[PDB]
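Asks: Chains as they are written, first to last, in my numbering: chain F, 14 to 111; chain R, 1296 to 1365; chain H, 47 to 202; chain U, 3 to 82; chain B, 730 to 904; chain Z, 17 to 121; chain X, 24 to 341; chain D, 11 to 125; chain W, 3 to 259; chain C, 13 to 108. Quick reminder that beta carbons are idealized off the backbone N, C-alpha and C, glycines included.
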Amino acid sequence: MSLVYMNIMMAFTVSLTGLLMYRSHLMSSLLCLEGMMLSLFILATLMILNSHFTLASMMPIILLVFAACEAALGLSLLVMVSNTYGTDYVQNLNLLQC
Amino acid sequence: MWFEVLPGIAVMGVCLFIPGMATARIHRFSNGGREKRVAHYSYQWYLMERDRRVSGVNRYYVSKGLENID
Amino acid sequence: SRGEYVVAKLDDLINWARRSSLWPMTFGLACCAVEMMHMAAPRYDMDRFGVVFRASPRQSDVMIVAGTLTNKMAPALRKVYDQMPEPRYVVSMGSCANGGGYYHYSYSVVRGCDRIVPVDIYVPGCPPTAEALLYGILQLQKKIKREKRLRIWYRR
Amino acid sequence: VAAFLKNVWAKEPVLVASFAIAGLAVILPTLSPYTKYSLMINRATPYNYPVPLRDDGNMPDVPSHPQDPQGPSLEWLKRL
Amino acid sequence: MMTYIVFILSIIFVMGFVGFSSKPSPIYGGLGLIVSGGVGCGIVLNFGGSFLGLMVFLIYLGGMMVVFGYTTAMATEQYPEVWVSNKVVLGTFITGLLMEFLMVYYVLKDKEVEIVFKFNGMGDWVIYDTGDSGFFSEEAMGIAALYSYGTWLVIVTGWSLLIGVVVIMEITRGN
Amino acid sequence: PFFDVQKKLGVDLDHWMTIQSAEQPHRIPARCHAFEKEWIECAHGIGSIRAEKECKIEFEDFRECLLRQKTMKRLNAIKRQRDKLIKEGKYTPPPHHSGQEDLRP
Amino acid sequence: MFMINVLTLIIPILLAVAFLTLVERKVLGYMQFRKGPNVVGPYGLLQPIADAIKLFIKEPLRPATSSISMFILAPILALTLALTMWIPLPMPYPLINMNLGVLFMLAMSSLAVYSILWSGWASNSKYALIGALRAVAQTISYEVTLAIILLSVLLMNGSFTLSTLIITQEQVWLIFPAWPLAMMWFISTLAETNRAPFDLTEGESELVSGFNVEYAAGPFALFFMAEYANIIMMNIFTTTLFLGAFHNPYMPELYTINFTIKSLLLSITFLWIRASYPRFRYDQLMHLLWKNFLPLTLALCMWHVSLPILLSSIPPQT
Amino acid sequence: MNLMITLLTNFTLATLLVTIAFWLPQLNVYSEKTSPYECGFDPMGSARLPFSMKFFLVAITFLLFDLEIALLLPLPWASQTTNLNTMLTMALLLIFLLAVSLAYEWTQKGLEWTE
Amino acid sequence: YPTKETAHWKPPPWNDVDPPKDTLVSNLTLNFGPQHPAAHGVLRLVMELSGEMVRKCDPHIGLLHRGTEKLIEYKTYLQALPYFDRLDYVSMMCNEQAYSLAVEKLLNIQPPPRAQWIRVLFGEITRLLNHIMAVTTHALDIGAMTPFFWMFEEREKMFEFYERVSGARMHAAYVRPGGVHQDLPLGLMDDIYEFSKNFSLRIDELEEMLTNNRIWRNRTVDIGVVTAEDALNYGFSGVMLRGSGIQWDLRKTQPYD
Amino acid sequence: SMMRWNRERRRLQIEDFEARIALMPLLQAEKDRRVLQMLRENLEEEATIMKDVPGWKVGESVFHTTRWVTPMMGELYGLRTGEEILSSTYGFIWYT
Ligand SMILES: CCCCCCCCCCCCCCCCCC(=O)OC[C@H](COP(=O)([O-])OCC[N+](C)(C)C)OC(=O)CCCCCCCCCCCCCCCCC
Ligand SMILES: CCCCCCCCCCCCCCCCCC(=O)OC[C@H](COP(=O)(O)OCCN)OC(=O)CCCCCCCCCCCCCCCCC
Ligand SMILES: CCCCCCCCCCCCCCCCCC(=O)OC[C@H](COP(=O)(O)OCCN)OC(=O)CCCCCCCCCCCCCCCCC
Ligand SMILES: CCCCCCCCCCCCCCCCCC(=O)OC[C@H](COP(=O)(O)OCCN)OC(=O)CCCCCCCCCCCCCCCCC
Ligand SMILES: CCCCCCCCCCC1=C(C)C(=O)C(OC)=C(OC)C1=O
Ligand SMILES: CCCCCCCCCCC1=C(C)C(=O)C(OC)=C(OC)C1=O
Ligand code: SF4
């Protein structure tokens, strides 16, 4: 296929491995999830505007909505971490090991 | 009195008159003494590129009328 | 020579731009700051001279030490003066900032702000009038007008 | 109902104006004679090309020229 | 090297992705994601989606401003890592950048590359339509179709946003 | 558990964004409308097992319409052979592939 | 000859910023029963030149604790985004005629916040941190109506093209059908542009200078001239939205003079509001744009969707 | 093409006003002028400590209301369709759902700030 | 099956609720220092903010501790009089009058009647000075910076009244133990009448700018409520009591001259 | 006032669209001859460039169908200058 799909999928895999490998800090990985949504947005939208299938042009908008509709959810699940502990360090959430 | 603010405002007024006036003149200098062609939609661009193809001088603004046909 | 004329006119330009755009800082200590507010008041009106306050030291040009400098605030005065970018100037307003004043023999008073910062203009009074303070500010402008920065650079 | 309405107009007149404008925007297109004309103007705007028809022999309602009297007309839009 | 403009913007896109996927600090993570979204709204704008690119730019600007407020309020340490304050961040940042420019060198020398899919090396100008869309951009008509045709999509999206607000106010309560 | 409510209750919830051949706004055609129409009308009702081997040709035409893999491979071949013949000095481009040609309309 | 058009755009709208400093100080002076500058030039007409020369010959002072890269990038991005929001503005012809110029204005408003925001973060100071997160609290308050108001006003326009908005207001001003939207947009642009009563980022009395409290002269100049370029662009944009003037295709200078004097009157209106009001507390900012402007903005959005359908007056998109 | 030239020009003479701001005046750098500003006395702690957000639920719900102007924004274009009563019903449904969300966020005191 | 790894694993709690492990929230300590347009020259608020909600105010003072009332001990009563002008340096002749009444109460003498009327006249001029300062700088510290400039011209005219009656605009050393220093110059009281004839319009336009304004009310209506018993307990006086409804004024209850 | 003027604007839009529709057959015929011209010019130079290459088949369709496929941007402007390419393939987007 075309040349730009290489680097948009490459940005997806870079954001994938950034999310899927944690650096003991949760906001930096919520950003990696939001970047995966950005890569999915740009990839699907390049395909749709390429093939001129106009009726799925509303599809990335909807996609983008659910992006923030879970990203905000992550922030709502961030503060209950960072009210419980002083930091959002993911190695503090190790109490469910026993 | 209060009208001493009226010089500076006037200078500011000229500093808001210079850009837009100029771009109108610039749109009449690069475009053959007329307005700049507005291509918001791809049909308008298709007609504009057709004008550039049929002008014979590779300028979209050079128009050709009934003098071009026989 | 031509280069002496060019650096003389550029000295005149930068001295004009510095004396005609003095930004003092919102910094008073005592009764003199009330009169310094009266120098900002619509009768004497510092703002017609280009003289207008900026609260931060980073964006101020002169520090008018208007009031009494005690011992407890002298390091705060020095750090506020240090956080002003060069060129920065000091106008000393009133007797307590000049030489200790009415609290000169006190245990707690720095006897003049010139023990702490380099002072350019000494404005005398208890308080000096807002007109006398504005006189000191215009004398500071005349002191900035006769600076020879680029001429001395050209000659060294 | 005027007592509660005056109470909420005294405490929260912003919200009363909000619910009034919103209620008008809800109910008022359903009570207007011109909502049909909106749809007729929108479906009377020619974005595409009117792709012509192969004349088989029996299409008496379809013209052969745009200036023929049969076909959809926009005189209702010119008058209104 | 001007026909490769969407490719160049996509290189800057991957550079921003390596910039925040290294996870230095969410200050600079938000910086890298703003840079990637801002060149991505010129990637996707050169295919015809001006609306659909300006919106992914604008929504993510609002998102990164909110995430800035949160990473100053919650995700904050005394010495935030810029990119070189940690050896692991600089290591994986250099690794991502050198691997990206390595495949750039491999695809502009061979004009064909193969990582899982096969990719052409010609500029993506080649695949465009040679037609005009009349008096509309087709992405505008398609996104406008979300109200006439997309009624069930409206219902599920608006209900998801309503219960998203209800869900988040149920989480951020504490009791 | 594909509980097909949309064919049971007769509602059209998401059959419209499903394919490119559906009713489009302002009758806008997709770039692979004929190819997808032929692939769907070929493989309608014969099941996926017969559709993977009996409508392979229309699906290859439609997939090569979408991603243009054979076309861009052929254009790679043509452009690379042109660059080789220019570099070897064994070819000169025609005046209509350089600019001075009095373009058609 | 487009680069000359860019220069003749962006250099006079730096000179307009320069003399807006003098107009601000003098109109602010005469409203405060005093005078503004009249000593430096003839009735102050050369005061901004002295201010502009003074700030670039003063020591720049990059701080010790400042993250220097973002510290330098913040005023650069400030003045860049301040200049580049003038290019879709029709004067009667815009520099770059965008089909979606309104969304360009809105998105480059959303990107201009990061100048203030990274300046407050990078300059590692406590007052700068307060001034940055008060910009967060201000932007999440005004952006939640800045797009719905601007949506409801363009439902009478038909598009997001700012040049079409001249054709839209050829008979009547668009303040006559949309004066609640106009008087709400005006406050939303006050709160957008960090002007009083919504200063709240360069808070002189709560903070010392807020986000630019560490920025000495030179980098401080590029926040200040950026802010004034934002207010002139924002009043030109408000004028194009609600007070669009007569356009003759053969005499463009008539429209240019007309929207120039209207945007000057709205600039004097900004100076006259800054000279008359106390400052909000920055939560009461948020309880205004969310609790008061946002319900009524949703109501007017319902009304301005349904009303072109209700009267068969849906504007054309072409 | 013109947009890239215009942005390059604006960025260029915004960064050529900074490189003649840092290199033109005379510097006297010493390690008290570049100290952090804390109104004269030395700052207690860092400004990189957590600055607790009071408006955090409004900050999250801004992310759910900012998507609405990615949804309500095609309404100047959606009015140009030929199925218009359906469009009007779905549009008023979206603004009504935003309004019901805002009403629920009011009534549980979510728009108030904490403490 | 306990191993080396699974040996520190205590069994989980019974209600699945863990103790909160109360790590300190570390309230950000702002130094609302003396170089500030709001802290009136010399005030070091060491405050602790939960972001911006104030948790503790510690006003460090003594940045203007001049040691006045030890310098008074080494100077005579007439020499100790000008120290009082510089204590409340917007309420000068009121401080002079208080010190004068203290010395005269110890001296067992009383002022002449005309000097008592001049003391009360310039005390109310002084009260106008201090309330212009108070209202206009309170509004300047809130954000209404314009009636500052409107009312300091009136304050400039009353400083001209001080400069005519005593020779100094602020620190007069005029009200002395025994009366005042010098009689009123001719033509002073007519100018005081011409000032007082017009000052009500100035109060009217200040009150027009602020009192019915909604932005001024939203900064001041639910702010700084002081109960009456905590006002008497904290030793408050003046407006600080009278804002809370405590009917107390020393010009009525314990009247002087 | 906006009711009267937007109804007039919709009628003017319909007049512009009918002018477009009345011009469209000539434009479509010129566009057909345009793309057939450029494809024949590319094919008559595909034989010269692809002459030494073994196994080549000039004009080989990449599709198994014999239906007309709309020419792609790389199929028309593939052998031409970058000025013509950038004018034809980003021209409308990059215009003003
Ligand atoms: C753009 C061109 C100019 C436009 C006009 C603007 C220029 C004049 C500006 C003056 C200076 C303003 C400076 C900033 C002031 C900030 C304070 C402020 O404004 O707060 C907003 C204030 C806030 O009021 P508040 O703060 O007192 O509210 C108290 C709220 N509670 C009770 C919860 C505590 O008002 C509003 O929010 C009103 C917004 C505009 C209302 C427009 C309504 C129009 C009428 C609709 C229809 C009514 C009838 C109902 C339907 C009938 C159907 C038949
Ligand atoms: C779109 C419109 C934008 C307009 C922008 C500018 C607005 C203001 C325009 C200028 C207003 C008047 C300026 C007056 C400057 C001072 C005049 C003067 O008297 O200078 C005297 C001074 C000292 O001379 P001295 O020898 O002391 O004189 C003794 C007399 N027996 O000698 C000197 O100062 C030396 C001479 C300096 C001359 C400088 C003049 C001003 C230059 C401003 C720059 C812009 C000019 C316009 C550019 C665009 C139009 C072409
Ligand atoms: C590290 C921090 C950052 C440091 C560096 C900062 C650099 C400057 C950052 C600010 C500028 C960001 C620009 C982002 C892209 C904006 C695109 C744009 O302006 O689009 C609006 C306009 C839409 O009009 P349209 O409907 O397309 O009309 C033409 C069709 N008839 O579009 C048009 O008119 C089309 C014109 C051509 C557009 C080309 C594609 C966009 C090019 C993007 C360049 C890179 C952007 C980098 C973003 C960085 C964000 C921080
Ligand atoms: C059906 C029409 C369309 C309706 C949906 C569309 C709405 C568009 C506007 C969007 C509004 C979004 C936000 C609304 C929030 C409402 C809930 C609310 O705020 O209730 C609390 C309020 C009293 O406030 P309180 O609790 O004291 O708050 C303290 C801090 N201020 O409580 C109140 O002030 C009382 C509110 C209820 C009474 C309002 C009566 C208005 C009547 C107008 C005429 C009839 C209009 C038709 C609708 C029926 C109304 C009964
Ligand atoms: C070429 C651009 C020149 C920009 C000049 C910037 C410096 C001028 C600042 C003047 C100023 C203004 C306008 C101003 O608004 C203000 O607020 C009252 C000041 O005091 C705090 C000022 O000092
Ligand atoms: C903007 C109008 C002019 C203000 C000038 C203030 C300069 C600094 C004076 C110090 C001061 C401040 C801030 C102050 O607010 C104040 O309160 C009335 C004082 O007197 C006790 C002061 O001495
Ligand atoms: S010199 Fe005197 S009048 Fe002035 S501030 Fe000092 S004590 Fe007050």
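So for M1307(R), helix, strand or coil by DSSP?
Replies: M1307(R): helix per DSSP, three-state reduction.
Asks: Starting from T148(W), find everything on chain X with Cβ-Cβ shorter than 8 Å and list it in chain order.
Replies: Within 8 Å Cβ-Cβ: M54, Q55, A298, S299.
Asks: For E829(B), which residues in the same chain have their Cβ closer than 8 Å to its Cβ, ignoring the five residues on either side in sequence?
Replies: Here the set comprises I740, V743, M744, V747.
Asks: Taking Cβ positions only, does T93(C) come closer than 8 Å to chain X?
Replies: So no, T93(C) is outside the interface.
Asks: In chain U, which residues lie with their C-beta within 8 Å of the C-beta of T92(D)?
Replies: The contacting residues are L41, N44, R45.
Asks: If we count the other Cβ atoms within 10 Å of its Cβ and call it buried at 16 or more, is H76(C) buried or exposed?
Replies: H76(C) comes out exposed.
Asks: Can you give me the C-alpha to C-alpha distance between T191(X) and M206(X), rounded to a whole angstrom?
Replies: C-alpha separation (whole angstroms): 19 Å.
Asks: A176(H): beta carbon under 7 Å from a heavy atom of ligand 6?
Replies: No, the beta carbon of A176(H) sits no closer than 7 Å to any heavy atom of ligand 6.
Asks: Report the neighbours of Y98(F) on chain B: residues whose CB is nearer than 8 Å to its CB, in chain order.
Replies: Neighbours of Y98(F) on chain B: none; closest Cβ ~10 Å, over 8 Å.
Asks: Is DSSP giving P61(W) helix, strand or coil here?
Replies: Strand at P61(W).
Asks: Output yes if chain F places a C-beta closer than 8 Å to the C-beta of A50(Z); else output no.
Replies: With 8 Å as the cut-off, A50(Z) does not count as an interface residue toward chain F.
Asks: What residue from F65(D), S62(D), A109(D), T19(D) has the CA that sits closest to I171(X)'s CA?
Replies: When each option's Cα is compared against that of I171(X), the closest is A109(D).
Asks: What are the boundary residues of the alpha helix (DSSP H) that includes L82(D)?
Replies: From DSSP, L82(D) is part of no alpha helix (DSSP H); its letter is neither H nor E.
Asks: Taking C-alpha atoms, which residue in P318(X), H270(X), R157(X) lies nearest to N281(X)?
Replies: Per the Cα distances, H270(X).
Asks: On the three-state DSSP scale, how would you describe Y789(B)?
Replies: Here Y789(B) sits in helix by DSSP.
Asks: Please determine, among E868(B), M730(B), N815(B), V895(B), the residue with the shortest C-alpha to C-alpha distance to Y114(D).
Replies: The candidate whose alpha carbon is nearest that of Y114(D) is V895(B).
Asks: Taking the C-alpha atoms as reference points, what is the distance between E132(H) and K58(X)?
Replies: In a straight line, the C-alpha of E132(H) is about 29 Å away from that of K58(X).
Asks: What's the gap between the Cα of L17(D) and the Cα of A1317(R)?
Replies: Whole-angstrom Cα-Cα distance: 20 Å.
Asks: Indicate, with yes or no, if ligand 3 has a heavy atom lying under 7 Å from the CB of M121(X).
Replies: Answer for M121(X): yes, Cβ within range of ligand 3.
Asks: Please confirm whether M85(C) has its beta-carbon closer than 8 Å to some beta-carbon of chain Z.
Replies: No, no contact with chain Z.
Asks: Report the three-state DSSP secondary structure of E229(X) (helix, strand or coil).
Replies: Coil at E229(X), not helix or strand.
Asks: Is the beta carbon of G1315(R) closer than 8 Å to that of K49(X)?
Replies: No. Outside cutoff.
Asks: Taking only the alpha-carbon atoms, compute the straight-line gap between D70(U) and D63(U) and give it to the nearest angstrom.
Replies: Roughly 10 Å between the two C-alpha positions.
Asks: Return yes when at least one heavy atom of ligand 3 lies under 7 Å from the C-beta of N180(X), else no.
Replies: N180(X): no, Cβ never under 7 Å from ligand 3.
Asks: Quick check on this structure: which residue in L781(B), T859(B), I756(B) has the alpha carbon closest to the alpha carbon of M793(B)?
Replies: Looking at the Cα atoms, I756(B) is the closest of the given residues.
Asks: So that I know if they touch, is there some Cβ in chain G lying closer than 8 Å to that of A69(F)?
Replies: You won't find chain G in this structure, because its protein chains are F, R, H, U, B, Z, X, D, W and C.
Asks: Following the continuous alpha helix (DSSP H) through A112(H), name the residue where it begins and the one where it ends.
Replies: No alpha helix (DSSP H) contains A112(H), which is instead part of the beta strand (DSSP E) from 108 to 112.
Asks: Out of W69(H), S138(H), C77(H), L184(H), state which residue places its alpha-carbon closest to the alpha-carbon of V169(H).
Replies: Out of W69(H), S138(H), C77(H), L184(H), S138(H) has the C-alpha closest to the C-alpha of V169(H).
Asks: In the segment 131 to 217 of chain X, which residue ranges form an unbroken alpha helix (DSSP H) of at least 4 residues, counting only runs that do not cross its ends?
Replies: Runs found: 149 to 177, 187 to 191, 202 to 215.
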